[PDB]
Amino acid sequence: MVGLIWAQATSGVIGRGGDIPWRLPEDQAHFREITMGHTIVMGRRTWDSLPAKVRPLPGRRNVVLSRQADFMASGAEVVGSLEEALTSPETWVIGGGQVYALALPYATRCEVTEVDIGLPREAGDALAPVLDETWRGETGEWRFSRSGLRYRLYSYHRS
């Protein structure tokens, strides 16, 4: 089982400036619940975006994708292809835009959080992959976060 998990603004923006341009505490708990105990796969830039105290993410098999054959990430496995990182019972690809687009052809689930902020897409932004006709999803209802922002969960799956 290869899943993808991300939070996006409605526009599809997931990253900007090596950061996520919002903070949604509920989503962080949701991400932790979904990924805990499993293999997580991330691009090197997303690994870099994790503060030193959060890397590696506890209780998960942290795997980092990099074209750098020398690259070493303290607390994660560094591999040079996605298939190298996809050795699993359950793997969650956790970002960023590049690695999501690389991983979607091998994914059966996407756990999407949509953040209701009018964040327009800007050149250089990391974007969410757009899910086509093969993706069947169920919409969650709007929720309000402690952060003040409105958000809702999507659970996408394909057979």
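Quick note: we count residues from 1 along the sequence shown, nothing fancier. C-alpha atoms forming the largest set that superposes within 1.5 Å between two forms make up the rigid core.
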query	finding
33 to 41 against 48 to 56 - segment lying farther from this form in 8 other deposited structures of this protein (CA RMS, rigid core fit)	48 to 56
Which of 18 to 26 and 142 to 150 has higher mean CA B factor, as the PDB entry lists it	142 to 150
Entry-level comparison of average CA B-factors, 34 to 42 and 53 to 61, reporting the higher stretch	53 to 61
Residue, from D116, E111, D70, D125, that the PDB entry assigns the highest Cα B-factor	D70
C-alpha B-factor winner, where the candidates are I94, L102, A107, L131	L131
